[PDB]
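*Asks:* Residue numbers (the deposited numbering), protein chains in the order written: chain C, 3 to 710; chain U, 14 to 77; chain T, 1 to 95; chain V, 17 to 117.
Just so you know, even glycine gets a beta-carbon here, dropped at the ideal spot from N, CA and C.
Here it is, the structure, as structure tokens.
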Amino acid sequence: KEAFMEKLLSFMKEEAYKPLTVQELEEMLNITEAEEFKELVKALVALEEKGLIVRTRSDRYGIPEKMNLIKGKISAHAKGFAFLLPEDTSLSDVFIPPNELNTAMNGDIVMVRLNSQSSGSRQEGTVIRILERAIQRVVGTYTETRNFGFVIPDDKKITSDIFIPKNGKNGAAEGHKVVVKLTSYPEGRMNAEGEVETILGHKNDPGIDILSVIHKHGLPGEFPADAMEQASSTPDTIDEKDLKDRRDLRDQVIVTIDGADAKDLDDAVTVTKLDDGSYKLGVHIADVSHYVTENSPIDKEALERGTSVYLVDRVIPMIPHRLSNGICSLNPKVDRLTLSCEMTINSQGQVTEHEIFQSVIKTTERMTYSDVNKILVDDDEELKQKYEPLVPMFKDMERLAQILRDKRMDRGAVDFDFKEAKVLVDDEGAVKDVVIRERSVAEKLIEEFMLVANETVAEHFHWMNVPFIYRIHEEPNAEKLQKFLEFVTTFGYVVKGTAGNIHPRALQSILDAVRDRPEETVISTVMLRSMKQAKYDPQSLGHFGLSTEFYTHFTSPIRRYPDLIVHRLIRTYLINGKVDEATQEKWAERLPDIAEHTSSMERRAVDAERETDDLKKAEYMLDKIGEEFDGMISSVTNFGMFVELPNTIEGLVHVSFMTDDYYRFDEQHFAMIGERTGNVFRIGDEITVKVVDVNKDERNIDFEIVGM
Amino acid sequence: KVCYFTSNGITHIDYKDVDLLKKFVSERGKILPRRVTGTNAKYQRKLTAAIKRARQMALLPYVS
Amino acid sequence: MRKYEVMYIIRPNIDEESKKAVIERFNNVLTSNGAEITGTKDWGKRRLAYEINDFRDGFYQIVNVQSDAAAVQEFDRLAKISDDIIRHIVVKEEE
Amino acid sequence: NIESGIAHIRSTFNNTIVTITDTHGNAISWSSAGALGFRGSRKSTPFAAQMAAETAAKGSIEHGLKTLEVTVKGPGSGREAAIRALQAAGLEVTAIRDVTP
RNA sequence: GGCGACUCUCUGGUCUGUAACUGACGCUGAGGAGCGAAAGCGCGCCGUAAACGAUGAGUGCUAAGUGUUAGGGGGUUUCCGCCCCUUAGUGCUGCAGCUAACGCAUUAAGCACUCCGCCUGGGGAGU
RNA sequence: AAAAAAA
Numbered sequence: 003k004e005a006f007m008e009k010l011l012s013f014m015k016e017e018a019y020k021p022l023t024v025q026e027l028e029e030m031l032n033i034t035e036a037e038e039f040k041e042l043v044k045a046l047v048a049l050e051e052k053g054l055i056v057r058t059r060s061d062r063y064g065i066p067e068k069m070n071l072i073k074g075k076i077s078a079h080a081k082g083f084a085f086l087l088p089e090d091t092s093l094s095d096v097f098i099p100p101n102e103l104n105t106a107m108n109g110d111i112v113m114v115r116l117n118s119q120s121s122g123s124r125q126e127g128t129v130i131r132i133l134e135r136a137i138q139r140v141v142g143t144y145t146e147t148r149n150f151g152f153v154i155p156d157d158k159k160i161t162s163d164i165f166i167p168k169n170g171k172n173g174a175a176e177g178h179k180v181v182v183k184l185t186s187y188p189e190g191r192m193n194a195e196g197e198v199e200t201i202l203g204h205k206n207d208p209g210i211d212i213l214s215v216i217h218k219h220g221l222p223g224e225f226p227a228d229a230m231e232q233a234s235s236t237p238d239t240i241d242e243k244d245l246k247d248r249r250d251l252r253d254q255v256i257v258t259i260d261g262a263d264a265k266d267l268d269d270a271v272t273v274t275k276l277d278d279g280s281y282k283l284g285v286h287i288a289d290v291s292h293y294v295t296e297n298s299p300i301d302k303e304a305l306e307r308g309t310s311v312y313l314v315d316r317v318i319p320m321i322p323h324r325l326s327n328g329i330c331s332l333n334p335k336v337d338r339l340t341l342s343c344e345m346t347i348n349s350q351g352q353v354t355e356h357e358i359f360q361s362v363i364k365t366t367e368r369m370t371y372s373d374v375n376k377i378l379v380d381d382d383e384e385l386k387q388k389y390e391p392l393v394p395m396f397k398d399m400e401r402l403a404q405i406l407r408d409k410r411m412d413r414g415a416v417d418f419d420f421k422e423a424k425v426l427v428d429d430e431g432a433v434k435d436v437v438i439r440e441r442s443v444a445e446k447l448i449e450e451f452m453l454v455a456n457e458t459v460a461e462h463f464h465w466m467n468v469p470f471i472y473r474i475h476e477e478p479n480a481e482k483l484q485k486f487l488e489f490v491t492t493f494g495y496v497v498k499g500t501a502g503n504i505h506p507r508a509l510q511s512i513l514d515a516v517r518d519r520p521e522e523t524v525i526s527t528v529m530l531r532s533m534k535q536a537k538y539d540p541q542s543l544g545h546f547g548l549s550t551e552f553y554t555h556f557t558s559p560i561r562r563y564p565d566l567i568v569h570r571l572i573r574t575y576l577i578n579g580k581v582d583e584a585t586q587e588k589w590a591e592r593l594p595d596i597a598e599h600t601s602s603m604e605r606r607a608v609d610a611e612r613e614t615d616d617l618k619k620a621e622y623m624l625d626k627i628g629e630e631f632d633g634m635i636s637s638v639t640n641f642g643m644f645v646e647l648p649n650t651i652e653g654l655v656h657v658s659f660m661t662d663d664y665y666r667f668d669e670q671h672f673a674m675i676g677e678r679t680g681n682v683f684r685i686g687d688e689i690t691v692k693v694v695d696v697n698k699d700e701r702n703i704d705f706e707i708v709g710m
Numbered sequence: 014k015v016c017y018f019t020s021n022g023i024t025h026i027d028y029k030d031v032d033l034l035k036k037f038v039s040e041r042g043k044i045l046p047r048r049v050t051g052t053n054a055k056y057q058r059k060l061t062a063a064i065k066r067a068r069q070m071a072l073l074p075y076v077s
Numbered sequence: 001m002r003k004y005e006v007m008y009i010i011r012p013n014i015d016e017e018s019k020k021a022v023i024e025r026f027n028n029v030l031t032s033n034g035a036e037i038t039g040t041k042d043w044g045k046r047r048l049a050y051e052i053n054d055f056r057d058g059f060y061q062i063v064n065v066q067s068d069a070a071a072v073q074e075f076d077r078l079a080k081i082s083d084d085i086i087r088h089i090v091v092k093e094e095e
Numbered sequence: 017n018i019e020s021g022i023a024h025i026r027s028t029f030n031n032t033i034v035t036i037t038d039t040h041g042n043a044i045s046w047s048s049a050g051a052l053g054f055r056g057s058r059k060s061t062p063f064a065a066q067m068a069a070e071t072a073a074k075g076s077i078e079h080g081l082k083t084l085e086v087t088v089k090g091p092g093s094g095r096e097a098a099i100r101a102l103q104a105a106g107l108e109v110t111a112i113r114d115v116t117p
């Protein structure tokens, strides 16, 4: 027993050791008999009792003493406590009490000592050392006192007011939103001090709510002067020299299909039906890489931005509005340079032949998604008569998209078809209406045409075996997916598979089963919360969500920097023929940094976008205080339950407002159960709620239960 | 939130039409409530019977 | 006389010579007791939803008739006795 | 040498027992939380159920099983984890059946 | 009182619509007869039951608002769907009135007529 | 809260 314990401890004391589960230790030690497995379990218990190893709350055994600790990122809470997120994502979160934070702020990389006694269900710890500081700038509202100011942070995870000394005011008045640079951190009983770096405006001025968010997330402001000079210097028409070595496609029937308000038209499409019954799809993408050359002023800015950001009232573009809307845009009935992906596609949706080449197009018409729907779905005779020459292509497009879809779904892609909000605002940025974003036939057609192209490009460059950027989606978290599999068995949905080896189709089968059920929205939602996020990578590690081995982003270089790179690599490798070792080594060095950065800038964009949506949703609901709505329970917690309305507005029912009974949370079923009444509110029950309180600043909506 | 049988004008539910009934059981095999399906009262009855006949004849299961 | 619908399941472990004999037997029962077979489907060997008498499949026969109770009643009697027919139901055709 | 079987999971509040049988209900193998030397609260927990399922399952794989039907009895928390442990041991689950009396 | 697996066998009632027929043939109903828990117990007697929605039956009259169950008609509507009106039942809310107040309020505890049951301080004593 | 994708 002791010799086995020593051998296990010595193995765990190797420098290459990472914390492992019981099953991972079984495999790594090559334990095959059931009796040796018992010995391992008794040894792990005995060593954990002695304190020589620690089981994390994700059931992974690590040597504390090499730590007695865990390195990780702080995730603070607005009530003064935090959680450690360990660097090893396979490990569980460690709770940190407010008194044990030891001056650590939200996002800070820390080292946390594990407490030998937990007072609750999760593992507790103390911050012993802050390795890196995350927060240097803080947005907030300035407030003036006699001798000093203070700024109340917009991030409520910063629970303490930032002292501003009288010299660090720099012009800020009472109620001004300000950007504060931290000069000192909190220490003992002293709050953080800082100087006002920028004044945004008064908090009551139109659009300083949105401008605060832009500043909180550190989103890019105005373009640099040299970028603005480069953009201004770029021609508004094509030079005849640039038509050299480009396939002339100006006489073909080519069309863009976008939103009515879209000015940045990245993509144009054509579909010809061949005599054999196969389809020829031409996807033609804006040649941004021509105009924005490598290491140009606009290029350096486009890398720093990483993506365009689409906030409620405005778009922050990745490249200046002169290029994006002007020469790079595939504007109607003018000559435009394009990097084209042309594809012969059979009756099974299989790309038999393809070609990637530079071209010049002249778009026959700029269509919208509403017009194309009216033609195909609504059978509108006025619009058909208006666009009579294009109607035959639109019907062959629809069929082709349907074929591709069928192939994509068959292959086992996960159609995650959820209802998204679209906040409508006026010119002043006051909220008019929150409406459901509906994905029509016209969007789902284009989608399919952007997908197959993206898949085509990625496959080509995989087989070329040159340094390239992919858009990957790794397999889901086995712990997160395991819990999801438990959750769906409560509703009766049984899944074939284990969490470690799930094929996308098996997930699709569920989403098919729940379709047009009350439990749809949430199982959907909880499935999502089991998935990993998709990221850019130099390696082709496949795309779980699309159930494909090869995927990239090619089809939107105006608004995404990884698409602009794909174009430059296309130009480099295919067009110029520069497949030399030095060219490869250059790109192999730079793509990892690009892929990590751009992936960060995407996540940043999404977080900000959402943060403005939640703010404007809260602004919409201010006048609805007292009004009753029907909604569905989207999430249940120990403190209350979330209810989503029909327009995807979500608000909390706090357990305090549940005055009819003492409600106990059940975590296994996802339900609050009354002790006395025996009323059970579960995830996915429809209920009628009334609006009690809405805090716009906090972005909170509070609901009370009227009836079930 | 509409009745299948009032929508599609179906006066007679049949126990033999297994496919049709299978819409209206849970995955486990339990009869789905009117509130979930949106069924009309009248038909909820008819439907229940049929499933009950069905299940007797081993067309449907009692517990999938 | 009033319309009924008989359904019944024949055990899956018989050849088509035996099967036919069943059908003709039980068709003979009905018409022998004053019934008239108006329709006669054969749904063929289905998987049973559960395991009846240690069989996971069976051959379904759906006889429509018009008859007196006596006919249907005799059928039911014999249907029960018989080992070939594993389960059955008679049902009136609701007006 | 039998391939298909049933896994009878009796998950009580105190314990989880996992018997595996052939289709005729003859006992191939079994394990339980207390057979793996869990004691008191630990026998109740889903981790012990999980481990009980594995040990019952690994015994069945020697006897050459591949597919399972599963039956669940009792209110305990083990059934969810235990079932996954039958899938995770390798044996594919056809259908799970709650046969609580 | 009560009645929830399914099918068949026999049988009771109710509601809607038509208005073809009969032509007041109706209502209540002591006694009587039958049905009708625990129990009591010896399946049978027993039969007493917050067998008390604490509220006999019948008929007519007397604001509204809203839900459900089974129907009828018209409107659009192809129909589905909606809209409206009507019938029967079951709900909530609320005038007039009633009420000691509480409450009831076309499912009256309102306004009436018919007939029946029942009460006339508590205890003693359901002896 | 939390997914693609689109924009």
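Below 8 Å CB to CB, which residues in the same chain sit around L378(C) once its five sequence neighbours on both sides are set aside?
*Replies:* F396, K397, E400, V443, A444
*Asks:* Out of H505(C), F672(C), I707(C), which one is the CA nearest neighbour of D662(C)?
*Replies:* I707(C)
*Asks:* Check whether the stretch 213-222 of chain C and the stretch 607-625 of chain C touch, using three or more Cβ-Cβ pairs below 8 Å as the test.
*Replies:* yes
*Asks:* On the premise that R562(C) lies in contact with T309(C), defined as a C-beta separation below 8 Å, what is that separation, rounded to the nearest angstrom?
*Replies:* At roughly 5 Å, the Cβ-Cβ gap stays under 8 Å, so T309(C) and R562(C) are in contact.
*Asks:* Report the CB separation of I25(V) from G106(V) in whole angstroms; it is logged as a contact under 8 Å.
*Replies:* Their Cβ separation, rounded to whole angstroms, is 17 Å, which puts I25(V) and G106(V) out of contact at 8 Å.
*Asks:* Could you compute how far the alpha carbon of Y144(C) sits from the alpha carbon of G177(C)?
*Replies:* 6 Å
*Asks:* Please go through the same chain and pick out, in chain order, the residues whose beta-carbon is closer than 7 Å to the beta-carbon of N30(V), but skip the five residues on each side of it.
*Replies:* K59, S60
*Asks:* Could you tell me which of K388(C), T340(C), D278(C) sits nearest to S349(C), measuring between CA atoms?
*Replies:* Out of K388(C), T340(C), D278(C), the CA that lies nearest to the CA of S349(C) is found in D278(C).
*Asks:* What's the C-alpha gap between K698(C) and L624(C)?
*Replies:* 8 Å
*Asks:* Within the continuous beta strand (DSSP E) that includes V693(C), where are the two ends?
*Replies:* 688-697
*Asks:* By a C-beta neighbour count over all protein chains shown, 10 Å radius and 16 as the cutoff for buried, is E70(V) buried or exposed?
*Replies:* Its Cβ being crowded by 16 or more others within 10 Å, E70(V) is buried.
*Asks:* So, does the CB of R55(V) fall closer than 8 Å to a CB anywhere in chain C?
*Replies:* It does not; no Cβ of chain C falls within 8 Å.
*Asks:* Please confirm whether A79(T) has its beta-carbon closer than 8 Å to some beta-carbon of chain U.
*Replies:* no
*Asks:* To the nearest whole angstrom, what separates the beta carbons of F644(C) and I287(C), a pair I think is in contact under 8 Å?
*Replies:* No, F644(C) and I287(C) are not in contact; Cβ-Cβ is about 40 Å, not under 8 Å.
*Asks:* Counting along the chain, where does the beta strand (DSSP E) carrying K434(C) start and finish?
*Replies:* 433-439
*Asks:* Please list the partners that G494(C) has in chain U, where partner means a Cβ-to-Cβ separation under 7 Å.
*Replies:* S39, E40, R41
*Asks:* Rounded to whole angstroms, what is the Cα-Cα separation between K81(C) and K580(C)?
*Replies:* Cα to Cα, the separation comes out at about 57 Å.
*Asks:* When every heavy atom of the ligand ADP is checked, does at least one fall within less than 7 Å of the C-beta of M369(C)?
*Replies:* This structure does not include the ligand ADP; it has no bound ligands of any sort.
*Asks:* Closer than 8 Å, Cβ to any Cβ of chain C: which residues of the stretch 74-92 of chain V, in chain order?
*Replies:* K74, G75
*Asks:* Near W46(V), what residues of its chain come up, given a Cβ to Cβ distance below 8 Å and the 5 sequence neighbours on each side ignored?
*Replies:* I33, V34, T35, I36, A72, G75
*Asks:* Are the beta-carbon atoms of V568(C) and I627(C) separated by less than 8 Å?
*Replies:* no
*Asks:* Could you say which of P319(C), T574(C), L313(C), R368(C) lies nearest to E306(C) if we only look at CA atoms?
*Replies:* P319(C)
*Asks:* Between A270(C), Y371(C), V96(C), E303(C), which has its C-alpha nearest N333(C)'s C-alpha?
*Replies:* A270(C)
*Asks:* Where does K446(C) fall in DSSP's three states?
*Replies:* helix
*Asks:* Using a Cβ-Cβ cut-off of less than 8 Å, give me the residues of the stretch 42-69 of chain U that come near chain T, in sequence order.
*Replies:* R66, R68, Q69
*Asks:* Closest to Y60(T) by CA distance: which of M1(T), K3(T), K20(T) is it?
*Replies:* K20(T)
*Asks:* Given a limit of 8 Å on CB to CB distance, which residues of the stretch 661-695 of chain C reach chain V?
*Replies:* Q670
*Asks:* Check the Cβ-Cβ distances between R11(T) and every residue of chain U, and say whether any is below 8 Å.
*Replies:* Not closer than 8 Å to any Cβ of chain U, the Cβ of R11(T) fails to qualify, so no.
*Asks:* What's the call for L133(C), buried or exposed, on a 16-neighbour Cβ count within 10 Å?
*Replies:* exposed
*Asks:* Considering just the uninterrupted stretch of the alpha helix (DSSP H) at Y622(C), what are its terminal residues?
*Replies:* Segment 583-623, the alpha helix (DSSP H) holding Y622(C).
*Asks:* So the alpha helix (DSSP H) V72(T) belongs to, where does it begin and stop?
*Replies:* Taken as a continuous stretch (DSSP letters only), the alpha helix (DSSP H) holding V72(T) covers 69-81.
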